[PDB]
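Taking it in order: structure first as structure tokens, then the write-up.
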Amino acid sequence: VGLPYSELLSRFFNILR
Amino acid sequence: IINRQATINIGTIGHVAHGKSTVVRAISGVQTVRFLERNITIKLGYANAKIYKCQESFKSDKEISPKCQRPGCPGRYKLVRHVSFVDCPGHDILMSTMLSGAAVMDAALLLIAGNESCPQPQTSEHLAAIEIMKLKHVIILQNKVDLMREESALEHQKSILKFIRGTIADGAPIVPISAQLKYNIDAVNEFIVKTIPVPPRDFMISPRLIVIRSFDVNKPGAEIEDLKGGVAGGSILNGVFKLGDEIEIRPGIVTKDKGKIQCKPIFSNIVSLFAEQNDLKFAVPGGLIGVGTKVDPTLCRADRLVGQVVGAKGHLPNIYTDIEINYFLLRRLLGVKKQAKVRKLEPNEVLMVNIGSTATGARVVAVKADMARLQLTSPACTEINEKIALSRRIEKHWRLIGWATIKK
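Chains A and B, in that order, are what the protein sequence lines are. Following the numbering used here, the numbering of the first sequence begins with 302 at its first residue and continues without gaps. Following the numbering used here, the numbering of the second sequence begins with 78 at its first residue and continues without gaps.
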């Protein structure tokens with residue numbers, strides 16, 4: 302399943318050091 | 078919140094130099110055991126992860142610490158589950174320790190890095206072993222995303238999704254995480270609760286224990302006046318154990334060497350039980366529990382208790398030398414970087430046969446269409462049927478061929 306994954310990846314890229 | 082031990086065995090699989098131990102450290106906190114005397118028997122770590130959900134948001138409710146001050150709500154977290162980690166090796170030579178860990182497991186965690194190549198030989202070999210030994214509850218995790226770009230990580234996801242089509246598993250959750258940076262761990266803890274249901278496990282089933290690791294507590298400086306017994310790092314899948322029960326280690330013992338050996342299974346009584354952190358009286362099946370037996374600390378030193386079956390008193394598991402196997406072969410070999418077609422089994426050839434946890438070198442006596450007769454050099458016990466994964470010497474080190482079942 303690859304539909305809520307893209308929202309989790311975009312959340313990860315937003316919060317990075 | 079009351080202290081409770083492991084409910085379900087969850088393992089972690091990946092590749093070498095990825096950082097599987099760093100992923101375990103990010104989820105739970107306590108570092109891996111392997112990194113001389115204690116713990117050392119098989120290549121596996123030990124760390125307990127805590128799942129406490131705040132239902133006073135969505136994924137952030139499941140927290141590492143029991144006290145809730147992070148998600149927003151001042152109210153304390155509720156008890157859901159306590160899990161144990163059994164980290165399996167991701168190497169081509171270390172195959173027997175992986176298949177021993179797969180029988181212990183009930184759920185799996187796959188790790189694929191972004192920057193590296195899409196079809197990895199070891200992870201496909203771990204996926205094949207999962208399909209053989211029934212471990213369908215798999216969560217796919219992306220290891221490193223920050224090194225990769227915005228579009229490249231999305232293209233890597235599409236190549237993983239296209240790869241998982243012909244396999245038995247259809248609906249597996251995918252999460253993007255980081256081990257060193259510590260992010261999105263709460264989402265993984267949410268998926269563990271939701272996607273994995275606990276299988277039915279009752280008091281009725283006769284007690285059986287599978288020993289993986291060997292603990293001996295002998296301290297430098299301390300005198301011989303205070304000695305600790307040989308603790309066995311075993312896992313229970315059926316039957317509830319308590320303090321003060323008789324145990325026999327089935328396969329046998331080498332204590333005396335012209336003539337013949339006529340020895341019984343190694344008898345031992347439970348002295349102490351080690352679960353979670355504190356001393357507990359009951360042993361709930363579905364977790365790694367250090368059973369402190371009367372057996373000597375010299376026997377539980379290093380490489381002696383690696384894949385040995387244990388039965389409770391008043392029960393007789395049979396010892397076999399000639400085993401009847403019902404084998405099925407795969408199309409092409411998995412584990413190699415050139416992929417070659419699997420040839421027919423030749424008479425009299427050494428094969429590493431992994432019956433659950435037991436590591437034995439077996440020779441083929443008779444070759445048929447579906448069944449094969451195998452002679453074992455070292456004795457291995459059979460209780461019910463047991464899930465088996467076969468491995469052969471074709472190119473340098475051991476390679477997986479297919480699956481087998483004992484018909485006895």
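We treat Cβ as the ideally placed atom computed from N, Cα and C, and that holds for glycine.
Residue range of the beta strand (DSSP E) that residue i falls in?
i                      : result
residue 267 of chain B : Looking at the DSSP string, residue 267 of chain B is not in any beta strand (DSSP E); the run it does join, the alpha helix (DSSP H), is 262-272.
residue 315 of chain A : Unbroken run through residue 315 of chain A is the alpha helix (DSSP H), 306-315; no beta strand (DSSP E).
residue 218 of chain B : 215-219
residue 477 of chain B : 474-483
residue 189 of chain B : 184-189
residue 303 of chain A : Taken as a continuous stretch (DSSP letters only), residue 303 of chain A belongs to no beta strand (DSSP E), as it is neither H nor E.
residue 88 of chain B  : 86-90
Ends of the alpha helix (DSSP H) at residue i?
i                      : result
residue 496 of chain B : Residue 496 of chain B lies beyond the residue range present for chain B, which begins at 78 and ends at 485; the question has no answer from this structure.
residue 181 of chain B : 173-181
residue 103 of chain B : 97-104
Which residues in chain A have a C-beta closer than 9 angstroms to the C-beta of residue i? List them in chain order.
i                      : result
residue 382 of chain B : Within chain A, no residue comes near residue 382 of chain B; the closest Cβ sits about 41 angstroms away, beyond 9 angstroms.
residue 64 of chain B  : This structure gives no information on residue 64 of chain B, because the portion of chain B shown stretches from 78 to 485.
residue 346 of chain B : Those within 9 angstroms of residue 346 of chain B in chain A number zero; the least Cβ separation is about 50 angstroms.
residue 234 of chain B : 303, 306, 307 and 310
What does residue i touch in chain A if you count any residue whose Cβ is under 8 angstroms from its own?
i                      : result
residue 253 of chain B : 306, 309, 310 and 313
residue 222 of chain B : 310, 313 and 314
residue 230 of chain B : 310
residue 264 of chain B : 309
residue 227 of chain B : 314
residue 238 of chain B : 303
Exposed or buried, which one is residue i when buried takes at least 16 other CB atoms within 10 Å?
i                      : result
residue 395 of chain B : exposed
residue 247 of chain B : exposed
residue 235 of chain B : exposed
residue 332 of chain B : exposed
residue 463 of chain B : buried
residue 166 of chain B : buried
residue 164 of chain B : buried
residue 80 of chain B  : exposed
residue 340 of chain B : exposed
residue 138 of chain B : buried
residue 185 of chain B : buried
residue 233 of chain B : buried
Which chain A residues are close to residue i, counting only those with a beta carbon under 7 angstroms from its beta carbon?
i                      : result
residue 260 of chain B : 313 and 316
residue 187 of chain B : Result: empty, since nearest Cβ-Cβ is about 14 angstroms, beyond 7 angstroms.
For the segment 174-181 of chain B against the segment 146-160 of chain B, do three or more pairs of beta-carbon atoms, one drawn from each stretch, fall closer than 8 angstroms, so that the two count as touching? no
Segments assigned beta strand (DSSP E), at least 3 residues, entirely inside the segment 321-387 of chain B: 323-326, 343-351 and 364-370
Do the segment 275-295 of chain B and the segment 252-264 of chain B touch if we need at least three Cβ pairs shorter than 8 angstroms? no
Should the segment 92-110 of chain B be regarded as contacting the segment 121-130 of chain B, the criterion being three or more beta carbon pairs within less than 8 angstroms? yes
What are the complete alpha helix (DSSP H) segments, minimum 4 residues, inside the segment 233-307 of chain B? 262-272
3 or more residues per run - each beta strand (DSSP E) lying fully within the segment 393-468 of chain B: 395-411, 427-432, 435-444 and 448-459
Continuous beta strand (DSSP E) assignments of at least 3 residues falling wholly in the segment 114-173 of chain B: 124-130 and 155-164
Would the segment 140-156 of chain B and the segment 413-425 of chain B be scored as touching if the rule is three or more Cβ pairs under 8 angstroms? no
Contact the segment 462-480 of chain B vs the segment 199-213 of chain B: 3+ CB pairs below 8 angstroms: yes
Just checking, does the segment 350-362 of chain B make contact with the segment 306-322 of chain B on the three C-beta pairs under 8 angstroms criterion? yes
Can at least three beta-carbon pairs, one atom from the segment 264-273 of chain B and one from the segment 298-314 of chain B, be found at a separation below 8 angstroms? no
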